[PDB]
>>> print(open('target.tsv').read())   # TSV, C-alpha atoms and all ligand atoms
chain	number	residue	atom	x	y	z
R	1	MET	CA	7.57	-8.86	-4.67
R	2	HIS	CA	4.30	-8.29	-6.49
R	3	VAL	CA	1.97	-5.65	-5.08
R	4	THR	CA	-1.52	-4.68	-6.04
R	5	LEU	CA	-3.82	-1.91	-4.83
R	6	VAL	CA	-7.41	-2.72	-5.60
R	7	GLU	CA	-10.16	-0.15	-5.29
R	8	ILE	CA	-13.60	-1.44	-4.36
R	9	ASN	CA	-16.75	0.67	-4.25
R	10	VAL	CA	-19.39	-0.73	-1.96
R	11	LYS	CA	-23.17	-0.27	-1.70
R	12	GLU	CA	-23.85	1.94	1.35
R	13	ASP	CA	-26.32	-0.56	2.78
R	14	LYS	CA	-23.90	-3.47	2.41
R	15	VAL	CA	-20.84	-2.14	4.23
R	16	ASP	CA	-21.37	-4.49	7.19
R	17	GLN	CA	-21.37	-7.51	4.88
R	18	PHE	CA	-18.37	-6.15	2.97
R	19	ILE	CA	-16.43	-5.90	6.21
R	20	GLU	CA	-17.35	-9.52	7.13
R	21	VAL	CA	-16.24	-10.76	3.66
R	22	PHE	CA	-12.94	-8.99	3.88
R	23	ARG	CA	-12.30	-10.09	7.47
R	24	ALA	CA	-12.49	-13.67	6.18
R	25	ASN	CA	-10.32	-12.89	3.14
R	26	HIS	CA	-7.74	-10.98	5.22
R	27	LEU	CA	-7.54	-13.80	7.79
R	28	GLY	CA	-7.08	-16.46	5.15
R	29	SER	CA	-4.63	-14.42	3.07
R	30	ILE	CA	-2.22	-13.39	5.84
R	31	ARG	CA	-1.88	-17.15	6.58
R	32	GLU	CA	-0.67	-17.99	3.04
R	33	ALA	CA	2.97	-18.95	2.63
R	34	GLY	CA	3.53	-16.42	-0.16
R	35	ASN	CA	1.61	-13.50	1.32
R	36	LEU	CA	3.60	-10.53	2.57
R	37	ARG	CA	0.88	-7.88	3.11
R	38	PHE	CA	-2.86	-7.74	3.10
R	39	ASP	CA	-3.99	-4.34	4.32
R	40	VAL	CA	-7.62	-3.19	4.17
R	41	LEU	CA	-7.86	0.61	3.83
R	42	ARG	CA	-10.61	3.16	3.44
R	43	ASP	CA	-10.63	6.21	1.19
R	44	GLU	CA	-9.85	9.27	3.33
R	45	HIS	CA	-13.09	11.04	2.23
R	46	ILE	CA	-15.45	8.57	0.51
R	47	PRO	CA	-17.03	6.29	3.15
R	48	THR	CA	-17.95	3.52	0.68
R	49	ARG	CA	-14.59	3.36	-1.20
R	50	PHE	CA	-12.07	0.81	0.05
R	51	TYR	CA	-8.60	-0.20	-1.08
R	52	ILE	CA	-6.89	-3.52	-0.54
R	53	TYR	CA	-3.07	-3.42	-0.55
R	54	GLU	CA	-1.87	-6.95	-1.18
R	55	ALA	CA	1.71	-8.08	-1.65
R	56	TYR	CA	3.02	-11.55	-2.46
R	57	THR	CA	6.52	-12.89	-2.88
R	58	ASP	CA	6.14	-13.23	-6.63
R	59	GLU	CA	3.50	-13.82	-9.35
R	60	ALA	CA	3.50	-17.55	-8.61
R	61	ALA	CA	2.19	-16.71	-5.07
R	62	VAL	CA	-0.46	-14.45	-6.56
R	63	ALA	CA	-1.65	-17.35	-8.71
R	64	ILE	CA	-1.68	-19.55	-5.63
R	65	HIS	CA	-3.72	-16.93	-3.74
R	66	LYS	CA	-6.29	-16.94	-6.54
R	67	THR	CA	-6.78	-20.72	-6.04
R	68	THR	CA	-7.51	-20.56	-2.36
R	69	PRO	CA	-10.96	-21.29	-0.98
R	70	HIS	CA	-11.04	-17.97	0.92
R	71	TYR	CA	-10.22	-15.90	-2.15
R	72	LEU	CA	-12.72	-17.73	-4.33
R	73	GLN	CA	-15.47	-17.34	-1.73
R	74	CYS	CA	-14.69	-13.64	-1.36
R	75	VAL	CA	-14.94	-13.08	-5.12
R	76	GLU	CA	-18.38	-14.74	-5.10
R	77	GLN	CA	-19.77	-12.92	-2.06
R	78	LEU	CA	-18.31	-9.51	-3.04
R	79	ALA	CA	-19.89	-9.30	-6.49
R	80	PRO	CA	-23.39	-8.14	-5.41
R	81	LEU	CA	-22.04	-5.81	-2.74
R	82	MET	CA	-20.26	-3.58	-5.22
R	83	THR	CA	-21.52	-0.58	-7.19
R	84	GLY	CA	-19.14	-1.16	-10.16
R	85	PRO	CA	-16.11	-3.19	-11.22
R	86	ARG	CA	-12.92	-3.29	-9.13
R	87	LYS	CA	-10.01	-1.11	-10.27
R	88	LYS	CA	-6.53	-2.56	-9.84
R	89	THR	CA	-3.12	-0.97	-9.98
R	90	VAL	CA	-0.04	-3.21	-10.03
R	91	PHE	CA	3.36	-2.24	-8.60
R	92	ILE	CA	6.71	-4.05	-8.30
R	93	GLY	CA	8.36	-4.11	-4.89
R	94	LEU	CA	11.93	-2.83	-4.42
R	95	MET	CA	12.19	-2.70	-0.64
R	96	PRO	CA	12.01	-4.90	1.24
R	97	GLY	CA	14.11	-6.88	-1.24
U	1	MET	CA	-2.89	2.67	11.03
U	2	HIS	CA	-2.06	6.06	9.51
U	3	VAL	CA	-1.27	5.10	5.87
U	4	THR	CA	0.09	7.10	2.93
U	5	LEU	CA	1.13	6.39	-0.64
U	6	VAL	CA	3.48	8.89	-2.30
U	7	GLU	CA	4.28	8.93	-6.00
U	8	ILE	CA	7.70	10.28	-7.01
U	9	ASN	CA	9.05	10.82	-10.53
U	10	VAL	CA	12.82	10.77	-10.50
U	11	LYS	CA	15.21	12.33	-13.06
U	12	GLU	CA	16.77	9.55	-15.13
U	13	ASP	CA	20.31	10.28	-14.03
U	14	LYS	CA	19.29	10.68	-10.37
U	15	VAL	CA	17.70	7.22	-9.85
U	16	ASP	CA	20.84	5.91	-8.06
U	17	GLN	CA	20.79	8.88	-5.65
U	18	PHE	CA	17.04	8.25	-5.10
U	19	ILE	CA	17.80	4.62	-4.18
U	20	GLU	CA	20.62	5.71	-1.79
U	21	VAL	CA	18.25	8.20	-0.08
U	22	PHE	CA	15.36	5.76	0.21
U	23	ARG	CA	17.51	2.91	1.33
U	24	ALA	CA	18.61	5.02	4.34
U	25	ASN	CA	15.02	6.19	4.95
U	26	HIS	CA	13.73	2.62	4.69
U	27	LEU	CA	16.40	1.26	7.06
U	28	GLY	CA	15.83	3.93	9.71
U	29	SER	CA	12.05	3.84	9.41
U	30	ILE	CA	11.72	0.08	9.90
U	31	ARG	CA	13.76	0.65	13.07
U	32	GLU	CA	11.10	3.07	14.39
U	33	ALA	CA	8.97	1.39	17.05
U	34	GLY	CA	5.87	3.12	15.60
U	35	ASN	CA	6.44	2.22	11.99
U	36	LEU	CA	4.32	-0.57	10.54
U	37	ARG	CA	5.21	-0.40	6.85
U	38	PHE	CA	7.77	1.26	4.72
U	39	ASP	CA	7.60	-0.32	1.26
U	40	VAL	CA	9.40	1.25	-1.67
U	41	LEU	CA	7.60	0.29	-4.90
U	42	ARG	CA	8.13	1.00	-8.55
U	43	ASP	CA	5.79	1.43	-11.51
U	44	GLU	CA	4.93	-1.60	-13.55
U	45	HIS	CA	6.09	0.13	-16.76
U	46	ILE	CA	7.60	3.59	-16.18
U	47	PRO	CA	11.25	3.16	-15.26
U	48	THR	CA	11.57	6.45	-13.26
U	49	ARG	CA	8.25	6.41	-11.40
U	50	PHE	CA	8.34	5.20	-7.78
U	51	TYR	CA	5.85	4.89	-4.91
U	52	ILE	CA	6.39	4.80	-1.17
U	53	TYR	CA	3.79	3.07	0.98
U	54	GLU	CA	4.17	4.06	4.65
U	55	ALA	CA	2.09	3.20	7.70
U	56	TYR	CA	2.39	4.25	11.32
U	57	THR	CA	0.55	3.26	14.50
U	58	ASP	CA	-0.88	6.73	15.05
U	59	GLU	CA	-0.41	10.45	14.45
U	60	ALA	CA	2.23	10.74	17.22
U	61	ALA	CA	4.29	8.03	15.39
U	62	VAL	CA	4.00	9.95	12.06
U	63	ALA	CA	5.25	13.05	13.85
U	64	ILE	CA	8.16	11.15	15.39
U	65	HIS	CA	9.13	9.85	11.94
U	66	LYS	CA	9.32	13.47	10.69
U	67	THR	CA	11.89	14.33	13.39
U	68	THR	CA	14.33	11.55	12.53
U	69	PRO	CA	17.74	12.02	10.79
U	70	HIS	CA	16.82	9.51	8.08
U	71	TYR	CA	13.66	11.37	7.14
U	72	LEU	CA	15.34	14.77	7.26
U	73	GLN	CA	18.21	13.61	4.99
U	74	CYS	CA	15.55	12.37	2.58
U	75	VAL	CA	13.76	15.73	2.63
U	76	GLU	CA	16.99	17.73	2.08
U	77	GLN	CA	18.21	15.57	-0.76
U	78	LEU	CA	14.92	15.05	-2.56
U	79	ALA	CA	14.37	18.22	-4.65
U	80	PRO	CA	17.41	17.83	-6.96
U	81	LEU	CA	16.17	14.32	-7.68
U	82	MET	CA	12.61	14.86	-9.04
U	83	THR	CA	11.11	16.04	-12.28
U	84	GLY	CA	8.04	17.63	-10.74
U	85	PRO	CA	6.32	17.63	-7.38
U	86	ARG	CA	5.40	14.45	-5.49
U	87	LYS	CA	1.77	13.33	-5.22
U	88	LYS	CA	0.55	12.07	-1.83
U	89	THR	CA	-2.55	10.00	-0.99
U	90	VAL	CA	-3.68	9.40	2.63
U	91	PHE	CA	-5.69	6.23	3.50
U	92	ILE	CA	-7.50	5.09	6.62
U	93	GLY	CA	-5.99	1.81	7.83
U	94	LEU	CA	-8.71	-0.69	8.87
U	95	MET	CA	-6.92	-4.07	8.95
U	96	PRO	CA	-4.70	-4.93	10.67
U	97	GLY	CA	-6.55	-3.13	13.44
U	98	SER	CA	-9.60	-3.28	15.64
U	99	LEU	CA	-11.74	-4.20	12.61
U	100	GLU	CA	-9.94	-7.54	12.24
P	1	CL	CL	22.67	18.40	-11.57
>>> encode(input="target.tsv", output="structure tokens")
Amino acid sequence: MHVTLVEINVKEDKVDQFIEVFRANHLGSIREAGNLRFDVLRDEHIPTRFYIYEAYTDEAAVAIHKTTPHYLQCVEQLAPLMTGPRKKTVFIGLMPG
Amino acid sequence: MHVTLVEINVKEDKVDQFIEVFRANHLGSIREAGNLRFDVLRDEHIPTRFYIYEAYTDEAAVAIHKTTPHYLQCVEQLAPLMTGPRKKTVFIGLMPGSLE
């Protein structure tokens, strides 16, 4: 089980659009055969800092995710909404397992 | 969702005891009606660094969790296991939730 936590910093005046983009990504991603989690989180104190907790069965499912129309559209639409590059931390799942 | 991520560094010779403790915490927690996630993760590279990702429906459910035998056994047994103190991050859970 492959997990990633991705930090995204969003332009204050674009939060509404960011939420729309991630609603579409979340909806598509939770429907994928190899998806296990797709949680959208906010920083406890920074209103424009979000974290996406995504987990997939394995790295093959991650690769599949990155081929999907919803992921590719999100990557496109997210780019201008952000104040800087995404930061990603990878983890390996132990439980469930 | 009330969400937290906790980082724990475990003494090399205590990793097995850490797994025993977290297995029981994981099992009991996923049997809590108010629990939504209890994922036990490990660092990509550092063999003794673990993370626990936990989510609960609300603050009452977090509080319930902290009264359970499985949590309390974890708390008791945890100090002899670690090299230094745990680090905890709290997150605001937006999806799944009304924002979906
Ligand atoms: Cl000892």
>>> residues_near_ligand(input="target.tsv", ligand="ligand CL 1 (chain P)", cutoff="12 Å", atoms="all atoms listed in the file", output="compact mmCIF listing (two decimals) with C-alpha atoms, keeping the file's coordinate frame")
# COMPACT_ATOMS: atom_id res chain seq x y z
CA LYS U 11 15.21 12.33 -13.06
CA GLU U 12 16.77 9.55 -15.13
CA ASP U 13 20.31 10.28 -14.03
CA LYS U 14 19.29 10.68 -10.37
CA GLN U 17 20.79 8.88 -5.65
CA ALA U 79 14.37 18.22 -4.65
CA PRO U 80 17.41 17.83 -6.96
CA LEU U 81 16.17 14.32 -7.68
CA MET U 82 12.61 14.86 -9.04
CA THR U 83 11.11 16.04 -12.28
>>> interface_residues(input="target.tsv", of="chain U", to="chain R", cutoff="6 Å", atoms="all atoms listed in the file", output="list in words")
residues 39, 40, 41, 42, 43, 44, 91, 92, 93, 94, 95 and 100 of chain U
>>> closest_residue(input="target.tsv", among="R:36, R:60, R:21, R:30", to="residue 74 (chain R)", atoms="only C-alpha atoms")
R:21
>>> atom_distance(input="target.tsv", atom1="CA of residue 45 (chain U)", atom2="CA of residue 9 (chain U)")
12.7 Å
>>> residues_around(input="target.tsv", residues="residue 78 (chain R)", least_positions_apart="3", cutoff="10 Å", atoms="only C-alpha atoms", output="list in words")
residues 8, 10, 14, 17, 18, 21, 22, 73, 74, 75, 81 and 82 of chain R
>>> atom_distance(input="target.tsv", atom1="CA of residue 77 (chain R)", atom2="CA of residue 11 (chain R)")
13.1 Å
>>> atom_distance(input="target.tsv", atom1="CA of residue 88 (chain U)", atom2="CA of residue 21 (chain U)")
18.2 Å
>>> residues_near_point(input="target.tsv", point="(-1.1, -22.3, 5.6)", cutoff="12 Å", atoms="only C-alpha atoms", output="list in words")
residues 27, 28, 29, 30, 31, 32, 33, 34, 35, 64, 65, 68, 69 and 70 of chain R
>>> closest_residue(input="target.tsv", among="U:86, U:54, U:96, U:74", to="residue 2 (chain U)", atoms="only C-alpha atoms")
U:54
>>> residues_around(input="target.tsv", residues="residue 55 (chain U)", least_positions_apart="6", cutoff="7 Å", atoms="only C-alpha atoms", output="tab-separated table (two decimals) with C-alpha atoms, keeping the file's coordinate frame")
chain	number	residue	atom	x	y	z
U	1	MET	CA	-2.89	2.67	11.03
U	2	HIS	CA	-2.06	6.06	9.51
U	3	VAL	CA	-1.27	5.10	5.87
U	4	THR	CA	0.09	7.10	2.93
U	35	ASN	CA	6.44	2.22	11.99
U	36	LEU	CA	4.32	-0.57	10.54
U	37	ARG	CA	5.21	-0.40	6.85
U	38	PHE	CA	7.77	1.26	4.72
